[PDB]
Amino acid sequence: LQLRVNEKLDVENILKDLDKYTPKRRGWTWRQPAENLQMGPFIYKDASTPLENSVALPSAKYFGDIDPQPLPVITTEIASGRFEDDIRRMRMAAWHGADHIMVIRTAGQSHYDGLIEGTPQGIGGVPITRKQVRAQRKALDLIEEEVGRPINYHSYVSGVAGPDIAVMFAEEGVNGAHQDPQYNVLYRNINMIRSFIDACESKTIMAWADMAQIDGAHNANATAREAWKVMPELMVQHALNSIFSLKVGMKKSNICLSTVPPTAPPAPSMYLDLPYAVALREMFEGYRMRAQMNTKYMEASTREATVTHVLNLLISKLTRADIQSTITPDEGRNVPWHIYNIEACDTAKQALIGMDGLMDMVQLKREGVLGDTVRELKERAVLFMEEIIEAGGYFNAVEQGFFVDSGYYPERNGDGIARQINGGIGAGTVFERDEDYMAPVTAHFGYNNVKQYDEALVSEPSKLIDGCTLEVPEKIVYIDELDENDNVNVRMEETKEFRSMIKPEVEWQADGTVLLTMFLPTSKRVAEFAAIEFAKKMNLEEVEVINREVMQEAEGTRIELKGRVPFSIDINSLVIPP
């Protein structure tokens, strides 16, 4: 109910009555294959069902504004600190093809030993709480009826309170999440015994909710010197979490590998990343492939980011990818802006559509230099696995710095990340379950002595209480706000003003930022400082340079500048004809 394609989202209204909101559906959705689809004068081989409302590609004007959609689910990542502004960037991405909206947790959420409540302002991410999650999921319910195709809300289930957020995600119909207890150990130095004992519960709750699970082996892609040498260990991090998730109870069809082509030009990156792509997909049949794009070998140039990304979409098309996430071309220039999340979608859609049917016409030379390396990577990984058993198990391997070592395994440099078994964040927080331990709720993993109270209820523990919150939502304690001055209602109040003036923004309403591109006939450093001046004179504030490119040392320099416009315009004093 509501939503007119020409009226903005009433984010004031969406925020009301969040105490009575309920997710409209549960779990993951994929795209509907649309066989031999006919759009305009064309027939598509690898397309999915068309959107009912969307923004087609500029050049779709030469073809009746057709908007072909490829088969893979398409991710965009949007988390600015203010979930309330981002609900608008969501609507723009949705119109541009994104049906997987993924939200980054506010800095340090990994270390929150419990849920947080309400809506404080984030730092380099949204703080994930129930109100905020109910809010954004309520807005996506609207946005997905508008476009005419469901949208998977996604977030992160890490930290020393993974199990905590797993529940809340389960209750509030979050469709997908990251979950890989290796992330906690390697990157956040959470303690390994507690981290993995926690993931059992986390994952069970996630399997109950039918959620899709993305891992974090690709993380080792970044924090890594020469990324092509990390390929045996990727297979090892992908395998551990997968066989793990599998034996917990999670379905194989809901387990996604998070797989990024490790290189980018000027390396021969296709040649390097393709045997790996094939090796992985052969070794992990029946598991999902969530392709991500390159972030490590990125820089200040959007143009360059895009070209590397198209090659990334090319690795996916030559092989297989059930989800094709994207990265903004400006990722290395600044924090993603509305217009650049949209570029990411457009580009992902444009490339995939142009390669429609490509594999009816092209194929892999499966024997040759290709099959040899497919075979070698597989051997190297198996070797790595053999050594992790020899050293007597996963904890000992971690503690010996087996992981995050910059060596092309079996090669070991000794520069890997060693965590202590007995140390870390949350050491000494594991407790042995006793003989009479019990837990009266659905989706519990470990030893649960239920017989004692009723031998019949063994398989329905929550019936000891006539439903846990998973059966009885009205048992959910909803917190609204816990801070009177740091919350969404203050932030929205701050700028009533604007909702009949107007100004430019990149992330937050009326933030006044804009981008300036220029060419200067001098060397870079000077060119850069001369560049600031021009911007100042142009009345911009908080001016800073975000990209320099040498055209040629003496002849010239391209400079790019982000700056703030210190004034407003009025829509009512604009002379506009017909």
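Note that residue numbering follows the sequence shown and begins at 1.
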In the entry, residues of the deposited sequence missing between residue 499 and residue 500 amount to 1 to 3
Quick note on 489-497 and 193-201: per-entry mean CA temperature factor is higher in 489-497
Averaging the C-alpha temperature factors as deposited, the higher value of 390-398 versus 350-358 falls on 390-398
From 99, 180, 273, 454, the top C-alpha temperature factor is at 454
From 301, 449, 258, 76, the top C-alpha temperature factor is at 449
Temperature factor at the Cα of residue 289, chain-ranked in thirds, falls in the lowest
Assert third(CA B-factor, residue 63) within chain per record equals highest
The third of the chain into which the C-alpha temperature factor of residue 539 falls is the highest
For residue 323, the third of its chain by CA B-factor is the lowest
For residue 51, the third of its chain by CA B-factor is the lowest
